[PDB]
Every structure is written in structure tokens, then in C-alpha cells.
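Trainee: This is the structure, below, for whatever I ask next.
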Amino acid sequence: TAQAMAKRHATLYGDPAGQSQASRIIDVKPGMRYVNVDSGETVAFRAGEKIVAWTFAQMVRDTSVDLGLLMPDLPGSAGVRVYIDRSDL
Amino acid sequence: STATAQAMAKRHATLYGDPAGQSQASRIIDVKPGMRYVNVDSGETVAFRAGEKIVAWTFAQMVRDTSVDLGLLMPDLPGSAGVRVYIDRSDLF
Ligand SMILES: [Cl-]
Ligand SMILES: [Cl-]
Ligand SMILES: [Cl-]
Ligand SMILES: [Cl-]
Ligand SMILES: [Cl-]
Ligand SMILES: [Cl-]
Ligand SMILES: [Cl-]
Ligand SMILES: [Cl-]
Ligand SMILES: [Cl-]
Ligand SMILES: [Cl-]
Ligand SMILES: [Cu+2]
Ligand SMILES: [Cu+2]
Ligand SMILES: [Cu+2]
Ligand SMILES: [Mg+2]
């Protein structure tokens, strides 16, 4: 599937995480434009009662990705940009 | 004493950037009860919203990652105190 391809591309940016492990919850709202996350940060993203969390990978350069690539089932995710900061490692 | 503390808070905030207009901000962050931190870049201009009150800031260029309490930057934005802004290091160094 195209979903399998997308899942593979999303892996470049980290891995799904349990919600319990996030250090903050970001509410995904209409028109928010973007968020900023660090390499290694675990962030939960919430739309109503749905919550999906993610641990970002160690990026070799500052990069960005569409939240809808990482969490297509989260309402409102598509079009929100995630800027991920380069790893200090 | 409240007046003097207000004056030192403004000095402290000036170490972290400058007041900005909302028309130059690249995003508006809603400040909701319970919020603990947000991440901004050195140099980013961000507007912060509580209800329909919006206050914007341009973050300084920091030599290393640092944080500041948003309530010291914008004491008149209700709910700002206790939200910590994490400011990533500048690429200008
Ligand atoms: Cl948006
Ligand atoms: Cl953020
Ligand atoms: Cl859920
Ligand atoms: Cl990378
Ligand atoms: Cl970079
Ligand atoms: Cl998802
Ligand atoms: Cl926005
Ligand atoms: Cl640093
Ligand atoms: Cl502080
Ligand atoms: Cl203020
Ligand atoms: Cu590809
Ligand atoms: Cu950085
Ligand atoms: Cu100070
Ligand atoms: Mg950084």
C-alpha cells in the first residue's frame, strides 16, 4: 500500500511512542501552521479525544516534515508543519 | 515593591528579546491552562494568545539553548506565568 510507503518515510523522523512517555501534549487546532520539536523529544498531539505520540529521531540537520505524514489518522494533522531541530550529538 | 519588581522583570525579559507586533509573527500559540513549555527559535517572532488578547515577541539570538518564563516577557497576558519558553541556540555564532 501507499500507507506502507508513508510509514517507511515517516521512520526517517522517529518512531511512535506511548502517550505516557510524552513531555507535553500539543492540541492540533485549525490554522496553527507549525510546531517546533527537538531531536529526541517525545511529544503527544491531541485532537479531541484522539491522542498520538511520537519520539523524534536525532536529525543531522534542521529539517521539517508534515505532521500528516507521521500521524495520518489524527484529525487536523495534515498541513501542520513540524520543524525538528538538529541533534547536538 | 510591586512597581520595582515589575521594573526588574522588564530588565530580565529584555535579555531574551524584544516586544513585537502580531503582524510580524509567523504563528500564534494559544496559552491554555496547564501548558508547561513551548519551543521557539532564536530570532523567531511569535504571538501568544489568551482568549482574544494577543501579545507578540521576537526572541533574541542565543549563544546556547536557554529558557525564560513567558510571564516575565508578557505579564499582561493572562495565564502566561509558569509557561516556560525554550529558546534554541542561534545559527549566527
Ligand atoms: Cl495550520
Ligand atoms: Cl512549539
Ligand atoms: Cl487516543
Ligand atoms: Cl537525519
Ligand atoms: Cl542545520
Ligand atoms: Cl495516526
Ligand atoms: Cl498560527
Ligand atoms: Cl546549547
Ligand atoms: Cl527565567
Ligand atoms: Cl504584556
Ligand atoms: Cu521517498
Ligand atoms: Cu537548532
Ligand atoms: Cu535576569
Ligand atoms: Mg537545538
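Note on naming: chains are A, B, ... as they come in the C-alpha cells, residues start from 1 per chain, ligands start from 1 in the order shown.
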Where in stretch 1-92 of chain B does DSSP assign alpha helix (DSSP H), given as number ranges by chain?
Mentor: B: 2-14, 70-73
Trainee: Tell me the residues of chain A close to chain B, meaning within 7 Å using only C-alpha atoms, as an MDAnalysis selection string.
Mentor: chainID A and resid 32:33 36:37
Trainee: Within 10 Å of ligand 14, counting only C-alpha atoms and all ligand atoms, which protein or nucleic acid residues do you find, written as a PyMOL selection string?
Mentor: (chain A and resi 37-39+62+84-88) or (chain B and resi 39-42+64-66+86-91)
Trainee: Take the selection from the previous step and output its residues with N, CA, C and O atoms, as a PDB file, in the first residue's frame.
Mentor:
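Okay, this is what ended up in selection05.pdb:
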```pdb
ATOM      1  N   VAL A  37       9.971  21.071  17.427  1.00  0.00           N
ATOM      2  CA  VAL A  37      10.346  19.965  18.328  1.00  0.00           C
ATOM      3  C   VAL A  37      11.831  19.720  18.288  1.00  0.00           C
ATOM      4  O   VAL A  37      12.466  20.075  17.247  1.00  0.00           O
ATOM      5  N   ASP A  38      12.380  19.138  19.355  1.00  0.00           N
ATOM      6  CA  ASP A  38      13.801  18.840  19.335  1.00  0.00           C
ATOM      7  C   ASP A  38      14.019  17.404  18.901  1.00  0.00           C
ATOM      8  O   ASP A  38      13.195  16.534  19.096  1.00  0.00           O
ATOM      9  N   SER A  39      15.231  17.159  18.403  1.00  0.00           N
ATOM     10  CA  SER A  39      15.703  15.802  18.203  1.00  0.00           C
ATOM     11  C   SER A  39      15.612  15.109  19.538  1.00  0.00           C
ATOM     12  O   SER A  39      16.077  15.632  20.572  1.00  0.00           O
ATOM     13  N   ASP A  62      18.771  20.563  10.681  1.00  0.00           N
ATOM     14  CA  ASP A  62      17.397  21.047  10.933  1.00  0.00           C
ATOM     15  C   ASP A  62      16.517  20.633   9.769  1.00  0.00           C
ATOM     16  O   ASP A  62      16.943  20.769   8.609  1.00  0.00           O
ATOM     17  N   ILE A  84      11.975  20.118  13.047  1.00  0.00           N
ATOM     18  CA  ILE A  84      12.708  19.320  14.022  1.00  0.00           C
ATOM     19  C   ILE A  84      14.123  19.826  14.043  1.00  0.00           C
ATOM     20  O   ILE A  84      14.846  19.962  13.038  1.00  0.00           O
ATOM     21  N   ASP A  85      14.613  20.155  15.236  1.00  0.00           N
ATOM     22  CA  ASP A  85      15.939  20.766  15.395  1.00  0.00           C
ATOM     23  C   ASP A  85      17.024  19.717  15.266  1.00  0.00           C
ATOM     24  O   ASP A  85      16.859  18.536  15.654  1.00  0.00           O
ATOM     25  N   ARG A  86      18.172  20.146  14.707  1.00  0.00           N
ATOM     26  CA  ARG A  86      19.303  19.262  14.546  1.00  0.00           C
ATOM     27  C   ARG A  86      19.730  18.750  15.935  1.00  0.00           C
ATOM     28  O   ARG A  86      19.659  19.507  16.921  1.00  0.00           O
ATOM     29  N   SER A  87      20.187  17.500  15.979  1.00  0.00           N
ATOM     30  CA  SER A  87      20.716  16.849  17.167  1.00  0.00           C
ATOM     31  C   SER A  87      22.015  17.531  17.531  1.00  0.00           C
ATOM     32  O   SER A  87      22.798  17.875  16.659  1.00  0.00           O
ATOM     33  N   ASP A  88      22.239  17.718  18.820  1.00  0.00           N
ATOM     34  CA  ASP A  88      23.525  18.246  19.280  1.00  0.00           C
ATOM     35  C   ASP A  88      24.631  17.163  19.316  1.00  0.00           C
ATOM     36  O   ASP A  88      25.807  17.466  19.551  1.00  0.00           O
TER      37      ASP A  88
ATOM     38  N   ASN B  39       8.609  25.492  22.374  1.00  0.00           N
ATOM     39  CA  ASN B  39       9.941  25.683  21.780  1.00  0.00           C
ATOM     40  C   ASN B  39       9.921  26.758  20.741  1.00  0.00           C
ATOM     41  O   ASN B  39       9.065  26.715  19.869  1.00  0.00           O
ATOM     42  N   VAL B  40      10.852  27.700  20.830  1.00  0.00           N
ATOM     43  CA  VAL B  40      10.999  28.743  19.768  1.00  0.00           C
ATOM     44  C   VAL B  40      12.433  28.781  19.361  1.00  0.00           C
ATOM     45  O   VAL B  40      13.380  28.320  20.019  1.00  0.00           O
ATOM     46  N   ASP B  41      12.632  29.319  18.160  1.00  0.00           N
ATOM     47  CA  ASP B  41      13.974  29.547  17.676  1.00  0.00           C
ATOM     48  C   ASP B  41      14.480  30.938  18.081  1.00  0.00           C
ATOM     49  O   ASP B  41      13.737  31.900  18.209  1.00  0.00           O
ATOM     50  N   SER B  42      15.806  30.979  18.209  1.00  0.00           N
ATOM     51  CA  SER B  42      16.444  32.340  18.280  1.00  0.00           C
ATOM     52  C   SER B  42      15.945  33.152  17.088  1.00  0.00           C
ATOM     53  O   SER B  42      15.964  32.689  15.930  1.00  0.00           O
ATOM     54  N   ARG B  64      23.614  29.727  23.435  1.00  0.00           N
ATOM     55  CA  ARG B  64      23.292  28.364  23.793  1.00  0.00           C
ATOM     56  C   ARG B  64      21.810  28.306  24.052  1.00  0.00           C
ATOM     57  O   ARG B  64      21.140  29.338  24.302  1.00  0.00           O
ATOM     58  N   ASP B  65      21.261  27.090  24.047  1.00  0.00           N
ATOM     59  CA  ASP B  65      19.832  26.950  24.400  1.00  0.00           C
ATOM     60  C   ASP B  65      19.544  27.531  25.777  1.00  0.00           C
ATOM     61  O   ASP B  65      20.426  27.399  26.728  1.00  0.00           O
ATOM     62  N   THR B  66      18.414  28.213  25.919  1.00  0.00           N
ATOM     63  CA  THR B  66      18.100  28.786  27.214  1.00  0.00           C
ATOM     64  C   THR B  66      16.593  28.875  27.343  1.00  0.00           C
ATOM     65  O   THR B  66      15.886  28.786  26.337  1.00  0.00           O
ATOM     66  N   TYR B  86      11.352  27.610  25.707  1.00  0.00           N
ATOM     67  CA  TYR B  86      12.684  27.051  25.455  1.00  0.00           C
ATOM     68  C   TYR B  86      13.174  27.667  24.154  1.00  0.00           C
ATOM     69  O   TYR B  86      12.559  27.409  23.105  1.00  0.00           O
ATOM     70  N   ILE B  87      14.272  28.379  24.180  1.00  0.00           N
ATOM     71  CA  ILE B  87      14.803  29.133  23.027  1.00  0.00           C
ATOM     72  C   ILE B  87      16.030  28.376  22.501  1.00  0.00           C
ATOM     73  O   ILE B  87      17.018  28.166  23.204  1.00  0.00           O
ATOM     74  N   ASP B  88      15.950  27.854  21.278  1.00  0.00           N
ATOM     75  CA  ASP B  88      17.069  27.149  20.692  1.00  0.00           C
ATOM     76  C   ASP B  88      18.175  28.124  20.299  1.00  0.00           C
ATOM     77  O   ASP B  88      17.951  29.283  19.970  1.00  0.00           O
ATOM     78  N   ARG B  89      19.408  27.634  20.386  1.00  0.00           N
ATOM     79  CA  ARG B  89      20.660  28.341  20.056  1.00  0.00           C
ATOM     80  C   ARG B  89      20.575  28.938  18.676  1.00  0.00           C
ATOM     81  O   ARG B  89      20.026  28.326  17.739  1.00  0.00           O
ATOM     82  N   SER B  90      21.199  30.116  18.490  1.00  0.00           N
ATOM     83  CA  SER B  90      21.308  30.756  17.197  1.00  0.00           C
ATOM     84  C   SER B  90      22.338  30.193  16.239  1.00  0.00           C
ATOM     85  O   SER B  90      23.425  29.855  16.644  1.00  0.00           O
ATOM     86  N   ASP B  91      21.965  30.151  14.972  1.00  0.00           N
ATOM     87  CA  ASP B  91      22.948  29.828  13.951  1.00  0.00           C
ATOM     88  C   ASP B  91      23.914  30.931  13.600  1.00  0.00           C
ATOM     89  O   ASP B  91      24.819  30.705  12.804  1.00  0.00           O
TER      90      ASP B  91
END
```
Trainee: So the first atom is atom 1 (Cl, counted along the ligand's line) of ligand 6 and the second is atom CA of residue A:48; what is the distance between them in Å, to one decimal place?
Mentor: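 According to the coordinates, atom 1 (Cl, counted along the ligand's line) of ligand 6 and atom CA of residue A:48 are separated by 13.7 Å.
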Trainee: Please report the interatomic distance between atom CA of residue A:79 and atom CA of residue A:14 in Å with one decimal.
Mentor: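 Value for the atom CA of residue A:79-atom CA of residue A:14 distance: 18.6 Å.
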